[PDB]
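Data block for my_file17.txt (compact mmCIF, N, CA and C atoms):
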```
# COMPACT_ATOMS: atom_id res chain seq x y z
N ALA X 4 82.14 72.50 111.77
CA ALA X 4 81.09 71.81 112.56
C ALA X 4 81.50 70.36 112.86
N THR X 5 82.73 69.98 112.55
CA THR X 5 83.20 68.59 112.72
C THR X 5 82.89 68.08 114.12
N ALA X 6 83.19 68.82 115.20
CA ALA X 6 83.02 68.29 116.58
C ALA X 6 81.55 68.00 116.90
N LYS X 7 80.69 68.97 116.65
CA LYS X 7 79.28 68.78 116.96
C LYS X 7 78.65 67.75 116.04
N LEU X 8 79.12 67.66 114.79
CA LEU X 8 78.58 66.65 113.89
C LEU X 8 78.92 65.24 114.38
N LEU X 9 80.18 65.01 114.81
CA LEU X 9 80.53 63.74 115.41
C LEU X 9 79.72 63.48 116.67
N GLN X 10 79.54 64.51 117.50
CA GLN X 10 78.83 64.35 118.76
C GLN X 10 77.35 64.07 118.56
N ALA X 11 76.78 64.47 117.43
CA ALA X 11 75.39 64.10 117.19
C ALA X 11 75.32 62.71 116.58
N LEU X 12 76.06 62.50 115.49
CA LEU X 12 75.86 61.30 114.70
C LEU X 12 76.41 60.05 115.37
N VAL X 13 77.65 60.10 115.85
CA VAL X 13 78.27 58.85 116.28
C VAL X 13 77.57 58.25 117.49
N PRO X 14 77.20 59.04 118.51
CA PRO X 14 76.44 58.44 119.62
C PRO X 14 75.14 57.80 119.17
N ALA X 15 74.46 58.40 118.18
CA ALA X 15 73.24 57.78 117.67
C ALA X 15 73.54 56.42 117.07
N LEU X 16 74.60 56.33 116.28
CA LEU X 16 74.95 55.03 115.72
C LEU X 16 75.36 54.04 116.80
N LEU X 17 76.11 54.50 117.81
CA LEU X 17 76.54 53.63 118.89
C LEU X 17 75.37 53.12 119.72
N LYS X 18 74.30 53.90 119.83
CA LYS X 18 73.14 53.50 120.67
C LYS X 18 72.10 52.72 119.84
N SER X 19 72.32 52.59 118.54
CA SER X 19 71.32 51.94 117.65
C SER X 19 71.39 50.40 117.71
N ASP X 20 70.23 49.78 117.92
CA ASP X 20 70.16 48.31 117.88
C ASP X 20 70.25 47.81 116.43
N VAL X 21 69.70 48.57 115.48
CA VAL X 21 69.80 48.21 114.04
C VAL X 21 71.27 48.20 113.64
N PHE X 22 71.98 49.26 114.01
CA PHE X 22 73.38 49.36 113.57
C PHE X 22 74.19 48.18 114.13
N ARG X 23 74.00 47.90 115.42
CA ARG X 23 74.75 46.80 116.10
C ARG X 23 74.47 45.45 115.44
N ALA X 24 73.24 45.25 114.97
CA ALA X 24 72.89 43.95 114.37
C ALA X 24 73.49 43.84 112.96
N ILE X 25 73.70 44.96 112.29
CA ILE X 25 74.16 44.90 110.87
C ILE X 25 75.68 44.95 110.80
N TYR X 26 76.27 45.91 111.50
CA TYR X 26 77.74 46.10 111.39
C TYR X 26 78.41 45.27 112.48
N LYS X 27 78.27 43.96 112.37
CA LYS X 27 78.77 43.03 113.40
C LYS X 27 80.25 42.65 113.19
N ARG X 28 80.92 42.42 114.32
CA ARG X 28 82.30 41.90 114.26
C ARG X 28 82.41 40.75 113.23
N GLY X 29 83.42 40.81 112.38
CA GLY X 29 83.69 39.68 111.47
C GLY X 29 82.86 39.67 110.21
N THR X 30 81.94 40.62 110.05
CA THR X 30 81.15 40.69 108.82
C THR X 30 82.07 40.74 107.62
N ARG X 31 81.69 39.99 106.59
CA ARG X 31 82.49 40.00 105.35
C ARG X 31 82.67 41.44 104.87
N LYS X 32 83.87 41.80 104.46
CA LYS X 32 84.15 43.19 104.06
C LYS X 32 83.25 43.64 102.90
N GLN X 33 82.96 42.76 101.94
CA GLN X 33 82.15 43.17 100.78
C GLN X 33 80.72 43.43 101.26
N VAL X 34 80.22 42.67 102.23
CA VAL X 34 78.86 42.90 102.81
C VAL X 34 78.84 44.29 103.49
N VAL X 35 79.85 44.58 104.28
CA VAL X 35 79.92 45.92 104.93
C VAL X 35 79.97 47.01 103.86
N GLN X 36 80.82 46.85 102.85
CA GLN X 36 80.98 47.91 101.83
C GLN X 36 79.64 48.12 101.12
N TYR X 37 78.96 47.05 100.78
CA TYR X 37 77.70 47.16 100.03
C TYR X 37 76.67 47.91 100.89
N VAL X 38 76.45 47.43 102.12
CA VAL X 38 75.42 48.07 102.98
C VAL X 38 75.81 49.53 103.26
N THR X 39 77.08 49.81 103.47
CA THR X 39 77.53 51.18 103.73
C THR X 39 77.21 52.05 102.52
N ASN X 40 77.60 51.58 101.35
CA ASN X 40 77.35 52.36 100.11
C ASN X 40 75.86 52.68 100.00
N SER X 41 75.03 51.67 100.15
CA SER X 41 73.57 51.86 100.03
C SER X 41 73.05 52.83 101.10
N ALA X 42 73.49 52.65 102.34
CA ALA X 42 73.02 53.50 103.47
C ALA X 42 73.42 54.96 103.26
N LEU X 43 74.64 55.17 102.80
CA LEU X 43 75.12 56.56 102.62
C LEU X 43 74.41 57.21 101.43
N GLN X 44 74.17 56.44 100.37
CA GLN X 44 73.43 57.02 99.21
C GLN X 44 72.03 57.45 99.69
N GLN X 45 71.38 56.62 100.49
CA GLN X 45 70.03 56.95 100.99
C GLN X 45 70.08 58.18 101.89
N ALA X 46 71.00 58.16 102.85
CA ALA X 46 71.07 59.26 103.84
C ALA X 46 71.47 60.57 103.16
N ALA X 47 72.49 60.51 102.31
CA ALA X 47 73.01 61.77 101.72
C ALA X 47 72.00 62.34 100.73
N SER X 48 71.35 61.47 99.99
CA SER X 48 70.40 61.95 98.97
C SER X 48 69.18 62.56 99.67
N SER X 49 68.84 62.07 100.86
CA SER X 49 67.72 62.67 101.63
C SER X 49 68.05 64.12 102.02
N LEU X 50 69.34 64.48 102.09
CA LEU X 50 69.75 65.88 102.41
C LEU X 50 69.77 66.73 101.13
N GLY X 51 69.60 66.10 99.98
CA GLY X 51 69.65 66.85 98.71
C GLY X 51 71.06 67.15 98.24
N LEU X 52 72.05 66.42 98.73
CA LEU X 52 73.46 66.72 98.36
C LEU X 52 73.70 66.44 96.88
N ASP X 53 74.61 67.25 96.32
CA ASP X 53 75.02 67.02 94.91
C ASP X 53 75.76 65.69 94.78
N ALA X 54 75.81 65.17 93.56
CA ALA X 54 76.40 63.85 93.30
C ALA X 54 77.91 63.82 93.58
N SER X 55 78.60 64.95 93.37
CA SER X 55 80.07 64.96 93.60
C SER X 55 80.35 64.85 95.11
N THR X 56 79.58 65.56 95.92
CA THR X 56 79.73 65.43 97.38
C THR X 56 79.43 64.00 97.82
N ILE X 57 78.38 63.40 97.28
CA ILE X 57 78.06 62.00 97.66
C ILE X 57 79.20 61.06 97.21
N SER X 58 79.77 61.29 96.02
CA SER X 58 80.91 60.45 95.58
C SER X 58 82.08 60.58 96.56
N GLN X 59 82.33 61.78 97.03
CA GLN X 59 83.45 62.01 97.98
C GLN X 59 83.14 61.28 99.29
N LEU X 60 81.90 61.36 99.73
CA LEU X 60 81.49 60.64 100.95
C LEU X 60 81.75 59.13 100.77
N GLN X 61 81.36 58.58 99.61
CA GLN X 61 81.55 57.13 99.39
C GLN X 61 83.06 56.79 99.38
N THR X 62 83.89 57.61 98.78
CA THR X 62 85.33 57.32 98.75
C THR X 62 85.87 57.38 100.17
N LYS X 63 85.48 58.40 100.92
CA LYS X 63 86.04 58.55 102.29
C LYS X 63 85.53 57.39 103.16
N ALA X 64 84.30 56.95 102.95
CA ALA X 64 83.74 55.85 103.76
C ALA X 64 84.49 54.56 103.43
N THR X 65 84.82 54.36 102.14
CA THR X 65 85.64 53.18 101.78
C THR X 65 86.98 53.25 102.48
N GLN X 66 87.64 54.39 102.46
CA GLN X 66 88.97 54.54 103.10
C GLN X 66 88.82 54.23 104.62
N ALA X 67 87.76 54.75 105.26
CA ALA X 67 87.56 54.54 106.72
C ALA X 67 87.26 53.07 107.01
N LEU X 68 86.45 52.44 106.19
CA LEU X 68 86.18 50.99 106.38
C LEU X 68 87.47 50.18 106.25
N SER X 69 88.38 50.59 105.38
CA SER X 69 89.60 49.77 105.16
C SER X 69 90.45 49.75 106.44
N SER X 70 90.25 50.73 107.32
CA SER X 70 91.00 50.77 108.60
C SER X 70 90.38 49.84 109.66
N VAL X 71 89.19 49.30 109.43
CA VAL X 71 88.48 48.49 110.47
C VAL X 71 88.92 47.02 110.39
N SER X 72 89.50 46.52 111.48
CA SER X 72 90.00 45.12 111.49
C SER X 72 88.85 44.11 111.48
N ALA X 73 89.18 42.86 111.13
CA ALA X 73 88.16 41.78 111.12
C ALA X 73 87.71 41.42 112.53
N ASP X 74 88.51 41.79 113.52
CA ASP X 74 88.17 41.47 114.92
C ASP X 74 87.49 42.66 115.62
N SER X 75 87.28 43.75 114.90
CA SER X 75 86.67 44.96 115.51
C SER X 75 85.16 44.78 115.70
N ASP X 76 84.63 45.41 116.75
CA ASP X 76 83.19 45.36 117.05
C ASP X 76 82.43 46.46 116.28
N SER X 77 81.11 46.42 116.43
CA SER X 77 80.22 47.42 115.78
C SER X 77 80.66 48.86 116.11
N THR X 78 81.21 49.06 117.31
CA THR X 78 81.61 50.41 117.72
C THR X 78 82.62 50.99 116.74
N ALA X 79 83.52 50.17 116.21
CA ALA X 79 84.55 50.67 115.27
C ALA X 79 83.89 51.11 113.95
N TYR X 80 82.84 50.41 113.54
CA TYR X 80 82.15 50.81 112.29
C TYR X 80 81.41 52.15 112.49
N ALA X 81 80.80 52.32 113.67
CA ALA X 81 80.09 53.59 113.93
C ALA X 81 81.08 54.75 113.80
N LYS X 82 82.27 54.56 114.37
CA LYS X 82 83.30 55.63 114.32
C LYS X 82 83.74 55.88 112.87
N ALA X 83 83.85 54.82 112.08
CA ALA X 83 84.28 54.97 110.67
C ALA X 83 83.26 55.80 109.90
N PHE X 84 81.97 55.54 110.13
CA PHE X 84 80.94 56.40 109.49
C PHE X 84 81.15 57.86 109.89
N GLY X 85 81.33 58.07 111.20
CA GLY X 85 81.53 59.45 111.68
C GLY X 85 82.74 60.10 111.04
N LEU X 86 83.84 59.35 110.97
CA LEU X 86 85.09 59.92 110.40
C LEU X 86 84.81 60.39 108.97
N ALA X 87 84.22 59.52 108.16
CA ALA X 87 84.03 59.86 106.73
C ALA X 87 83.05 61.03 106.58
N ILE X 88 81.94 60.95 107.32
CA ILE X 88 80.92 62.03 107.19
C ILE X 88 81.49 63.38 107.65
N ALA X 89 82.21 63.37 108.76
CA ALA X 89 82.75 64.65 109.27
C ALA X 89 83.84 65.16 108.33
N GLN X 90 84.63 64.27 107.74
CA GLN X 90 85.70 64.70 106.80
C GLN X 90 85.09 65.43 105.60
N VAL X 91 83.98 64.91 105.10
CA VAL X 91 83.40 65.51 103.87
C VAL X 91 82.50 66.71 104.20
N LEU X 92 81.73 66.65 105.30
CA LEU X 92 80.69 67.70 105.51
C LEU X 92 81.03 68.72 106.59
N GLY X 93 82.09 68.50 107.36
CA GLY X 93 82.35 69.37 108.52
C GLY X 93 82.63 70.82 108.21
N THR X 94 83.27 71.13 107.09
CA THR X 94 83.70 72.52 106.83
C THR X 94 83.28 73.08 105.48
N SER X 95 82.56 72.34 104.65
CA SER X 95 82.26 72.79 103.27
C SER X 95 81.16 73.86 103.20
N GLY X 96 80.28 73.96 104.22
CA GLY X 96 79.14 74.91 104.17
C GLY X 96 77.81 74.19 104.22
N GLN X 97 77.83 72.86 104.04
CA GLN X 97 76.59 72.05 104.15
C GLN X 97 76.09 71.99 105.60
N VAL X 98 76.99 72.18 106.55
CA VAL X 98 76.63 71.96 107.97
C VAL X 98 77.19 73.13 108.79
N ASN X 99 76.35 73.73 109.61
CA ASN X 99 76.82 74.82 110.50
C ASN X 99 76.20 74.57 111.88
N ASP X 100 76.44 75.49 112.80
CA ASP X 100 75.90 75.31 114.17
C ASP X 100 74.37 75.28 114.17
N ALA X 101 73.75 76.04 113.28
CA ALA X 101 72.27 76.12 113.29
C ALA X 101 71.63 74.80 112.84
N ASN X 102 72.32 74.00 112.00
CA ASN X 102 71.66 72.76 111.51
C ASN X 102 72.43 71.48 111.85
N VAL X 103 73.52 71.55 112.60
CA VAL X 103 74.38 70.35 112.76
C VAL X 103 73.61 69.20 113.43
N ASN X 104 72.83 69.49 114.47
CA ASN X 104 72.10 68.39 115.16
C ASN X 104 71.06 67.80 114.21
N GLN X 105 70.34 68.66 113.49
CA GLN X 105 69.30 68.19 112.55
C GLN X 105 69.93 67.34 111.44
N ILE X 106 71.08 67.79 110.95
CA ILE X 106 71.79 67.01 109.90
C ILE X 106 72.20 65.66 110.52
N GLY X 107 72.76 65.67 111.72
CA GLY X 107 73.11 64.39 112.35
C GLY X 107 71.90 63.47 112.46
N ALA X 108 70.76 64.01 112.88
CA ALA X 108 69.55 63.16 113.06
C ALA X 108 69.08 62.61 111.70
N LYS X 109 69.14 63.45 110.67
CA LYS X 109 68.64 63.00 109.35
C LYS X 109 69.63 61.96 108.77
N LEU X 110 70.93 62.17 108.96
CA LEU X 110 71.90 61.15 108.51
C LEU X 110 71.69 59.84 109.28
N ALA X 111 71.53 59.92 110.60
CA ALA X 111 71.31 58.69 111.40
C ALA X 111 70.05 57.98 110.89
N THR X 112 68.97 58.73 110.68
CA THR X 112 67.71 58.15 110.17
C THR X 112 67.98 57.41 108.86
N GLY X 113 68.65 58.09 107.93
CA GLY X 113 68.89 57.47 106.61
C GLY X 113 69.83 56.28 106.67
N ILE X 114 70.88 56.37 107.48
CA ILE X 114 71.82 55.22 107.63
C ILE X 114 71.08 54.01 108.22
N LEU X 115 70.26 54.23 109.24
CA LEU X 115 69.58 53.09 109.90
C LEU X 115 68.50 52.52 108.95
N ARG X 116 67.70 53.39 108.35
CA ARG X 116 66.63 52.89 107.45
C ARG X 116 67.26 52.26 106.20
N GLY X 117 68.25 52.92 105.63
CA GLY X 117 68.88 52.40 104.40
C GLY X 117 69.61 51.08 104.66
N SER X 118 70.33 50.99 105.77
CA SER X 118 71.02 49.72 106.12
C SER X 118 69.98 48.61 106.34
N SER X 119 68.92 48.92 107.06
CA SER X 119 67.91 47.87 107.38
C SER X 119 67.20 47.41 106.10
N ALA X 120 67.10 48.27 105.10
CA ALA X 120 66.35 47.89 103.89
C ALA X 120 67.08 46.79 103.12
N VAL X 121 68.41 46.80 103.15
CA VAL X 121 69.16 45.84 102.29
C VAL X 121 69.82 44.72 103.11
N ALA X 122 69.96 44.88 104.43
CA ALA X 122 70.65 43.86 105.24
C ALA X 122 70.02 42.48 105.09
N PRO X 123 68.68 42.31 105.14
CA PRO X 123 68.09 40.93 105.09
C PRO X 123 68.50 40.18 103.83
N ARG X 124 68.52 40.88 102.72
CA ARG X 124 68.82 40.16 101.46
C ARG X 124 70.33 39.90 101.36
N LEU X 125 71.12 40.42 102.29
CA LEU X 125 72.56 40.13 102.34
C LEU X 125 72.77 39.07 103.42
N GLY X 126 71.71 38.48 103.93
CA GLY X 126 71.84 37.37 104.88
C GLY X 126 71.80 37.80 106.32
N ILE X 127 71.51 39.10 106.56
CA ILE X 127 71.52 39.60 107.97
C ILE X 127 70.09 39.60 108.50
N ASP X 128 69.83 38.74 109.47
CA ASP X 128 68.46 38.57 110.00
C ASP X 128 68.14 39.72 110.96
N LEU X 129 67.13 40.51 110.63
CA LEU X 129 66.72 41.63 111.51
C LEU X 129 65.43 41.28 112.26
N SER X 130 65.17 39.98 112.40
CA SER X 130 63.98 39.52 113.16
C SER X 130 63.94 40.19 114.54
N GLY X 131 62.78 40.70 114.88
CA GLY X 131 62.60 41.24 116.24
C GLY X 131 63.06 42.67 116.38
N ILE X 132 63.77 43.20 115.39
CA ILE X 132 64.30 44.58 115.59
C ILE X 132 63.29 45.60 115.05
N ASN X 133 62.86 46.48 115.94
CA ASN X 133 61.89 47.54 115.58
C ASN X 133 62.70 48.74 115.08
N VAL X 134 62.84 48.85 113.78
CA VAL X 134 63.62 49.96 113.18
C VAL X 134 62.91 51.29 113.50
N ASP X 135 61.58 51.34 113.43
CA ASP X 135 60.89 52.63 113.70
C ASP X 135 61.27 53.14 115.09
N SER X 136 61.19 52.25 116.08
CA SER X 136 61.47 52.67 117.48
C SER X 136 62.95 53.01 117.64
N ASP X 137 63.81 52.22 117.00
CA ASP X 137 65.26 52.48 117.10
C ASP X 137 65.56 53.88 116.56
N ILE X 138 65.01 54.20 115.41
CA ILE X 138 65.26 55.54 114.81
C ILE X 138 64.70 56.63 115.74
N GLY X 139 63.48 56.44 116.24
CA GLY X 139 62.89 57.44 117.14
C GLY X 139 63.76 57.64 118.37
N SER X 140 64.34 56.56 118.88
CA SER X 140 65.16 56.64 120.10
C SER X 140 66.42 57.45 119.83
N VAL X 141 67.07 57.20 118.70
CA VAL X 141 68.38 57.90 118.53
C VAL X 141 68.17 59.34 118.05
N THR X 142 67.12 59.64 117.31
CA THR X 142 66.88 61.07 116.99
C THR X 142 66.50 61.80 118.27
N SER X 143 65.73 61.17 119.15
CA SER X 143 65.39 61.79 120.45
C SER X 143 66.66 62.00 121.29
N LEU X 144 67.63 61.08 121.24
CA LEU X 144 68.93 61.28 121.91
C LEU X 144 69.59 62.56 121.37
N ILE X 145 69.63 62.68 120.06
CA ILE X 145 70.28 63.88 119.45
C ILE X 145 69.54 65.16 119.84
N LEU X 146 68.22 65.16 119.82
CA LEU X 146 67.49 66.44 120.00
C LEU X 146 67.22 66.76 121.49
N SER X 147 67.33 65.78 122.37
CA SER X 147 67.00 66.05 123.79
C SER X 147 68.16 65.70 124.71
N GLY X 148 69.03 64.79 124.29
CA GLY X 148 69.96 64.13 125.22
C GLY X 148 71.09 64.92 125.74
```
Let me see the file written as structure tokens.
Amino acid sequence: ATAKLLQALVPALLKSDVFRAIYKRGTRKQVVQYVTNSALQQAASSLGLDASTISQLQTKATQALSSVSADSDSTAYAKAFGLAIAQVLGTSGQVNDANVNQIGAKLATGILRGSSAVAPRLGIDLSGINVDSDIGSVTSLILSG
């Protein structure tokens, strides 16, 4: 399900105003790693995944983040999330054609909500950003677009 999983999740992250405000060009690497870890724990645990699968997701996300340059834009971070998620969940049995879009929407929901919950205390101002509407917009992209 790797292709359809990327096609659901990554466009949602690319179209998200929350994601663009948090995963900004030049963000300190430790700030990105922290928010990513927190967002993936929230998103993956919402799917009920076992702890070993979540650990593998966190390792793969760290490896994907290490490839993102300091001059890269938010688009490169969205792709890194997709790479790690598709590497861990694309072929194990957690995701198939019947649920791939729904899994993408639930992961996008958890990544956006989980990132927004911790970004302010890491110094990232989310003033003015309507997370509820942002999440509704990108899940609607996945289910209708």
Write out as a short mmCIF file (atom, residue, chain, number, x, y, z; two decimals) with N, CA and C atoms, in the coordinates of the input the residues lying within 7 Å of residue 6 (chain X), counting only N, CA and C atoms and excluding same-chain residues fewer than 4 positions away.
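around_5.cif was written with the following content:
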```cif
data_model
loop_
_atom_site.label_atom_id
_atom_site.label_comp_id
_atom_site.auth_asym_id
_atom_site.auth_seq_id
_atom_site.Cartn_x
_atom_site.Cartn_y
_atom_site.Cartn_z
N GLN X 10 79.54 64.51 117.50
CA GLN X 10 78.83 64.35 118.76
C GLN X 10 77.35 64.07 118.56
N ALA X 11 76.78 64.47 117.43
CA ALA X 11 75.39 64.10 117.19
C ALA X 11 75.32 62.71 116.58
N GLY X 93 82.09 68.50 107.36
CA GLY X 93 82.35 69.37 108.52
C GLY X 93 82.63 70.82 108.21
#
```
Of the listed residues X:8, X:89, X:110, X:121, that which approaches residue 51 (chain X) most closely, counting only C-alpha atoms: X:110
Please define a box with edges along x, y and z of the file around all atoms of region 100-118 of chain X given in the file, extend it by 3 Å on each side, and return its centre and edge lengths in Å to one decimal, as AutoDock Vina command-line options.
```
--center_x 71.5 --center_y 62.4 --center_z 109.8 --size_x 15.8 --size_y 33.5 --size_z 16.8
```
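Restricting the calculation to only N, CA and C atoms, the smallest distance between residue 26 (chain X) and any of X:133, X:142, X:78, X:95 is found for X:78.
Closest to residue 131 (chain X) among X:92, X:106, X:24, X:43 is X:24, based on only C-alpha atoms.
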Two-atom distance - atom N of residue 139 (chain X), atom C of residue 108 (chain X) (Å):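 Those two atoms sit 9.5 Å apart.
Counting only N, CA and C atoms and comparing X:99, X:87, X:115, X:127, the residue that lies closest to residue 62 (chain X) is X:87.
Considering the residues X:75, X:109, X:21, X:134 and counting all atoms listed in the file, residue 50 (chain X) has its shortest atom-to-atom contact with X:109.
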Separation of CA of residue 104 (chain X) from atom C of residue 23 (chain X), in Å and rounded to one decimal: 23.1 Å
Test item, alpha helix (DSSP H) assignment across chain X, answer as an MDAnalysis selection string: chainID X and resid 5:18 20:25 32:49 54:69 77:92 103:121 134:147
Option closest in space to residue 103 (chain X), from X:45, X:69, X:5, X:90 [counting only C-alpha atoms]: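 Counting only C-alpha atoms, the residue closest to residue 103 (chain X) is X:5.
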Point-to-point distance from CA of residue 54 (chain X) to atom N of residue 9 (chain X), Å rounded to tenths: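 Computing it gives 21.9 Å between the two atoms.
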Spatial neighbours of residue 16 (chain X), 8 Å, all atoms listed in the file, chain gap at least 2 places, as a list in words: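 In the requested format, the answer is residues 11, 12, 13, 14, 18, 19, 20, 21, 22, 23, 77, 78, 80, 81, 82, 111 and 141 of chain X.
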Exercise: residue 42 (chain X) partners within 6 Å, only N, CA and C atoms, chain neighbours under 5 positions left out, as a PyMOL selection string: chain X and resi 37+47+113-114+117-118
